[PDB]
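Structural overview for review
So you can see what is in the structure, the chains are spelled out below.
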Amino acid sequence: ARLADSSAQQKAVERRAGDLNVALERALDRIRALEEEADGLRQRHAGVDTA
Amino acid sequence: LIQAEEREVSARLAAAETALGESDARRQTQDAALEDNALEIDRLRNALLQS
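Definitions and limits used
Residues numbered from 1 in each chain as written, not as in the entry; some residues may be left out. Chains lettered and ligands numbered in written order. Part of a larger assembly, values for the part shown. Heavy atoms only, no water. Helix = DSSP H or I, 4+ residues; strand = E, 2+ residues; numbered from the N terminus. Rg over C-alpha atoms; globule rule 2.2 N^0.38 Å. Buried < 20%, exposed > 50% of the residue type's maximum accessible area, 1.4 Å probe, protein only. Areas by Shrake-Rupley, 256 points an atom, 1.4 Å probe, with all protein chains shown as cover. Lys, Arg positive; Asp, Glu negative; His and termini not counted. Charge placed at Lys NZ, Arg CZ, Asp CG, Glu CD. Salt bridge = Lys/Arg side-chain N within 4 Å of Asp/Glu carboxyl O. Polar contact = N/O pair within 3.5 Å; in protein donor to acceptor, adjacent residues only side chain to side chain.

In the annotation of the PDB entry, chain B is listed under the name Crescentin and assigned to Caulobacter vibrioides. Within the Protein Data Bank, this record goes by the title "Cryo-EM structure of crescentin filaments (wildtype, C2 symmetry and large box)".

As annotated in the PDB entry, chain A is Crescentin from Caulobacter vibrioides.

What follows concerns the overall build of chain A. Along its length, chain A carries one helix and zero strands. Over its C-alpha atoms chain A spans a radius of gyration of 22 Å, topping by over 25% the 10 Å that the globule rule assigns to 51 residues. Along the three orthogonal principal directions, the C-alpha set of chain A runs to about 75 × 10 × 5 Å. Expressed as a percentage of the 51 residues in chain A, the buried residues total 4%. Carbon together with sulfur atoms contributes 60% to the accessible area of chain A, which is approximately 4,500 Å² in total. Computing the positive centroid from 9 side-chain charges and the negative centroid from 10, chain A places the two 7 Å apart.

We now examine the overall build of chain B. Regarding its fold elements, chain B presents one helix and zero strands. Compactness check: chain B gives a C-alpha radius of gyration of 22 Å against a globular reference of 10 Å for 51 residues, more than 25% above the reference. In terms of overall dimensions, chain B has a C-alpha envelope of 75 × 10 × 5 Å along the principal axes. Across the 51 residues of chain B, 2% fall into the buried class. Side-chain charges in chain B split into 6 positive and 11 negative, and the spacing between the mean points of these groups amounts to 5 Å.

Our next topic: the pattern of salt bridges. Residues and elements named next belong to chain A. Applying the stated criterion across every chain yields a total of four salt bridges over all chains. Taking the shortest distance from any N to any O, the salt bridge between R32 and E36 comes out at 3.4 Å. Taken together, the residues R32 and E36, both in helix α1 (residues 2-50) and four residues apart, mark about one turn of the helix. Note on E36: relative accessible area 40%, which makes it partly exposed. Across the pair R42 and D39 runs a salt bridge, and its minimum N-O distance is 2.6 Å. A residue pair is termed a helical-turn pair when its members lie 3 or 4 positions apart in one helix, as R42 and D39 do in helix α1 at three residues. Classification of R42 by relative accessible area gives partly exposed; the value is 45%. On the basis of relative accessibility, which here comes to 17%, the residue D39 falls in the buried class.

Residue and element names in this part refer to chain B. Relative to the assigned elements, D24 resides in helix α1 (residues 2-50). The partly exposed category is assigned to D24, whose relative accessible area is 29%. Taking the C-alpha atoms as reference points, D24 and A4, separated by 20 residues in sequence, lie 30 Å from one another.

Residue and element names in this part refer to chain B. Checked against the element boundaries, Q50 lands in helix α1. With 10 residues separating them in the primary sequence, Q50 and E40 have C-alpha atoms 15 Å apart. Within the structure, the side chain of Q50 is placed 2.8 Å from the backbone oxygen of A47, a separation counted as a polar contact.

Right, here's the structure in full:
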């Protein structure tokens, strides 16, 4: 039963790790979207420079 | 004697008519090149600017 309980705290750590993971993917997706958004900022910098 | 003074005018007629057209027409020979190069320049503008 002790093993069960220590495993239970390990399961709490598992839930923490899974939330950490999903946060990791969502942060990475936001990073990508940031990449294209900065791309767009660069185009709207360059064209008006031309103008 | 009045006739002689007009002999000066005929050259003044002859020179100006030459001095007039052969330059104004010449200017158009220069005139076209401006837009010719300028349009080249305009693509020459954005070429790097698009690159």
